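This document opens with one chain alone, in structure tokens, the form deposited in one PDB entry.
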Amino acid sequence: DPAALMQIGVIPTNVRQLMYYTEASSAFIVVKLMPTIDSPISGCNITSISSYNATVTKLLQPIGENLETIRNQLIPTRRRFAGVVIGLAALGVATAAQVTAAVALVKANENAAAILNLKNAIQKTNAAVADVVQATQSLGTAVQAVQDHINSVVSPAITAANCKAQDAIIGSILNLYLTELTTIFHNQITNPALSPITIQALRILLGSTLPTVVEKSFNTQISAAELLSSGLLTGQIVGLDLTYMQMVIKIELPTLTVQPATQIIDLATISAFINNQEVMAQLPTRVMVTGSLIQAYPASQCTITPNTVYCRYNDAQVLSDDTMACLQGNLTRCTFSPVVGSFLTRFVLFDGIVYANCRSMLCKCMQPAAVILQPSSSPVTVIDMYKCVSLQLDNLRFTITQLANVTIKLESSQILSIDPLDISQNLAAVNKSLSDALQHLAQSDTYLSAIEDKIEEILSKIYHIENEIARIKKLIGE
């Protein structure tokens, strides 16, 4: 919490809010894998069409078989899903996510079936994008990623002359798409039908259609530029027909809300100069604060904006008692690893002010023409208008115009290395010292046990002396 933690060299670089998922707006798409070629054909065969159909069908066999095993067999069983999830054993061993996704799958069964009910019209229609319609109502959108390119190249008629050439252009168009499909449909998981469709997969699958579909299916105020460039869009396969080669995907757009009393701070670190060496604090690069509570929170899998971080689920990791204390101001509990600093990690601008390691890097001020030096008592030296106005950090001059407002104590036992190999070597060293301490103990024990025995002899002598003084005292005393 105490950002006064930048005396050490760790500077906050961002403060975003945390958004969670409340509900989701959806849309159904039918990916038409086989394009429409309705021009008459005689005395000629277009082999590429056959091959594409065969290779793609085999490629989709796992998704299909999984779909049947789950859907068309153990959950909706020759009847109509009424809301009770049954036979989840069908999934074998599944994660919470997969189980969640399976339920969503059966819940979508009725819509997927409505759309697949029109598979035939969808196939006969030549179109890159098209509204799947049933008597005055839109079920969703039907897309075919290669249709436009195909229409540009197909001959109005395919005769025995055209043949060779046509089978070639259609061939390369289909095969290129096929190849990209190969990139997305690999049979490795047990329930592939339940794997999420990423925006990258959607791009491959929908080709040049993605933009059009993105707008056509969502009415939110969010622009098509955001949906495409961010990672909010995510979909899942909800239906398949291998004969018409049509895949029904359900796309989803999250409805993000902000979680109160929670911030997600980014921490960067410049090299400090402590106890005679260039070092760098060792802390998480992204933390989450909720009052006094602090967790590590890298949103590598979340969508990040300049002022917000939207995450599917919580990815927080617990920090160590020593780490927290260090973030909460207590700098004697931090940890610094030595480093080979460079220009890029020796300084940083922070709202006009510049924080830098002037001990490791030459902070040669120009206007005041005075070379800045750094007290061995200060890890990092600040630099505002007061200390300079036109500073020059090796090959880079620039003015300074702001002013910064506002006890140090660092033990060299805080300067360690956090590297497996390095740690194991120190561990070995510590262990050898424990072994020396144990030997010292043995030596020590042996000696004390020897004194105890001499003490015994000494007592046996005191007695005899004592008794001898009692007798000699019987020739003059009682």
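Throughout, rigid core stands for the largest set of C-alpha atoms superposing within 1.5 Å between the two forms. Numbering starts at 1 and runs along the sequence shown.
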**Complete:** Per the record, the count of deposited residues between residue 406 and residue 407 that have no coordinates is 4 to 9
**Request:** Using the B-factors recorded in the PDB entry, average over the C-alpha atoms of 338-346 and of 125-133, then report which stretch comes out higher.
**Result:** 338-346
**Complete:** For 165-173 versus 363-371, entry-based mean Cα B-factors point to 363-371
**Message:** Per the entry's Cα B factor values, which of 144, 243, 100, 255 stands out as the maximum?
**Reply:** 255
**Request:** Going by the CA temperature factor in the entry, name the top one among 239, 87, 291, 83.
**Result:** 291
**Item:** Record-listed C-alpha B factor of residue 149: chain third
**Value:** lowest
**Fill in**
The third of the chain into which the C-alpha temperature factor of residue 42 falls is the highest
**Request:** Would you mind checking where the Cα B-factor of residue 156 ranks among the modelled residues of its chain, as the lowest, middle or highest third?
**Result:** middle
**Message:** Could you place residue 94 in the lowest, middle or highest third of its chain by Cα temperature factor, using the values in the record?
**Reply:** lowest
**Prompt:** Considering only modelled residues of the same chain, in which third does the CA B-factor of residue 138 rank: lowest, middle or highest?
**Reply:** middle
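Beyond the structure shown, there is the form deposited in another entry, which is absent from this document and is the topic of what follows.
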**From 159, 367, 332, 219, residue displaced between the shown form and the other one - CA threshold 2 Å or more, rigid core** = 367
